[PDB]
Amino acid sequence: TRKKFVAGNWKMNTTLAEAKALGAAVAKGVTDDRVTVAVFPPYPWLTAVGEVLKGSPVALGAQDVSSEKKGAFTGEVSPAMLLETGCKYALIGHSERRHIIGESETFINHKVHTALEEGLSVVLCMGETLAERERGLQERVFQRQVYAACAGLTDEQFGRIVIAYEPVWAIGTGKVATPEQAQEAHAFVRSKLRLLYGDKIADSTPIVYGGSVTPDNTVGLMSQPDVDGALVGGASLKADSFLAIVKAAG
């Protein structure tokens, strides 16, 4: 039985005041530790949101992280910086970064190692595009993404890995995967872990669903055997809709 995991990806949204308010409202609403809950503000607000999360079970996370630990990497944010702001997690490989910004598997694999080595936990994002789906390539893509990102990880390092399945066709489109479609993808990802990394790792690693998650569809998704929670996009920007999803994971 995997502890459920509900993460709120605020993306490139919120003013400083809105960030503080959203963080504080989510913190106040998370009144037990039965579900792992984390929120992911944009970099400039991390120390401010970290402050309002103090005294609550809610973790702080960053939306990206450098592949390097320090130094001459203009514009990049290091694991050390994120840890100092209060982060426990970093998202790596989000579809917007893979497909719009253009991050490679080499870069993603380096980020995973660097984040873990420095003491962060990692939410590794993966998933297929509409074009890939329509050509039945989703299993090829899932295998490439999972095995490339995890290349070189120790068994122990997997203890700090969460995988987020986000079909790209489901992001910001209002077209959620049916729970049955989500379940099929999660089951395949778990099988890929099992065949290469073994039963303990496959059965212990949370695989969470991302993509057009809303309070109206979360129950069906949450009930699926290989779905361990949610990576929430737009619905994470309102505290009540985010908390509704958290409470559904309980």
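Numbers follow the displayed sequence, beginning with 1.
Enquirer: Output the stretch having the higher mean C-alpha B factor in the entry; the candidates are 61-69 and 180-188.
Expert: Result of the comparison: 180-188.
Enquirer: Averaging the C-alpha B factors as listed in the entry, name the stretch that ends up higher: 170-178 or 122-130.
Expert: Looking at the recorded C-alpha B-factors, 170-178 comes out higher on average.
Enquirer: Return the residue from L196, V208, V37, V49 that has the highest Cα B-factor in the entry.
Expert: The C-alpha B-factor peaks, among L196, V208, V37, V49, at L196.
Enquirer: Would you mind checking where the Cα B-factor of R98 ranks among the modelled residues of its chain, as the lowest, middle or highest third?
Expert: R98: CA B-factor falls in the middle third of its chain.
Enquirer: Taking the chain's C-alpha temperature factors as the reference, tell me which third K20 falls into: lowest, middle or highest.
Expert: Middle third - that is where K20 ends up once the chain's C-alpha B-factors are sorted.
Enquirer: Taking the entry's C-alpha B-factors for this chain, is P44 in the lowest, middle or highest third?
Expert: Lowest third - that is where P44 ends up once the chain's C-alpha B-factors are sorted.
Enquirer: If you rank the chain by CA B-factor, which third does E156 end up in: lowest, middle or highest?
Expert: Its C-alpha B-factor, which the entry lists for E156, ranks in the highest third among residues of this chain.
Enquirer: Determine, from the deposited record, the chain-internal third of the Cα B-factor for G75: lowest, middle or highest.
Expert: Lowest third, going by the recorded CA B-factors of the chain.
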